[PDB]
């Protein structure tokens, strides 16, 4: 019964069987109650502020070949770009002028910048009195150390899938063990660390989703980014099925229940598979939004998956748009950098 599973989630009895049953039950009443539970936990632990992280996707060059990703090195049907360090710093300054209190720098795994150009950019943005989050992939410990000394605050490195076998198949350059080692290094170096996964990958099972939730809970990540897999036509997974929105939403809800004081975005991928999907997600456990701040002409060239929303509008539309979103949801913009505010419990 769904009622018993809800009761067990409310009492914090997070067993593998409870999580599996929550993900397996398709009843509308159960799902809606699960979403309401997550929404209420969010409100109680992290409040009504929705934190805005402005993302600058500064290079679409990548040395890796992940099977799901439109930026994979084997994709020749993509114009590659690199923003200059001046462009990046000035684009970050514009976001700070527009009210962003975190700047996220994301790229393909592009050797050009690494490590010293990143360090220089980070130092310049940190002068602006905002948080800096990096999302640059897997690099040596030394690189991560240099970026932390340069002033970076946070690092996003989704774990993608906690099934090592599936991970290696989808990410043939690397392994789950290396991904985890990177995440543990980042945590040791004092970053606020973000993990997370895709839902609906080819070959991924419900039990794999449970393992993603247990992985996240085990490592107590500061941020958890979850979205559906969206097939990209210039990849080997072009003909695979999209991930299910509702199932993905359930993963966000369960993440909030498991990690009640974490920061959880309503991802652009959620807003891409379903119109209004980010807004739904912000009402089912999420408390962060990441407006795209990549300038034209580059924005349209950074498509990990197709259909990405926010491409046709002026490149300064996203921050005002999310501020309108936050208001029409009855929520408030973040007042500070939106770092994790831990609530120690039992």
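Positions refer to the first chain, counted from 1.
With 258 to 266 and 197 to 205 compared on mean CA B-factor from the PDB entry, the stretch scoring higher is 197 to 205. Per-stretch averaging of Cα B factors for 307 to 315 and 282 to 290 places 307 to 315 on top. Set against one another, the Cα B-factors of 93, 72, 79, 250 in the record reach their highest point at 79. In this PDB entry, residue 277 carries a Cα temperature factor that places it within the lowest third of its chain's modelled residues. Among the modelled residues of its chain, residue 43 has a C-alpha B-factor that falls in the lowest third, as given in the PDB entry. Ranked within its chain, residue 239 lands in the highest third, by CA B factor from the PDB record. In this PDB entry, residue 190 carries a Cα temperature factor that places it within the highest third of its chain's modelled residues. Ranked against the other modelled residues of its chain, the C-alpha B-factor of residue 131 as given in the entry falls in the lowest third.
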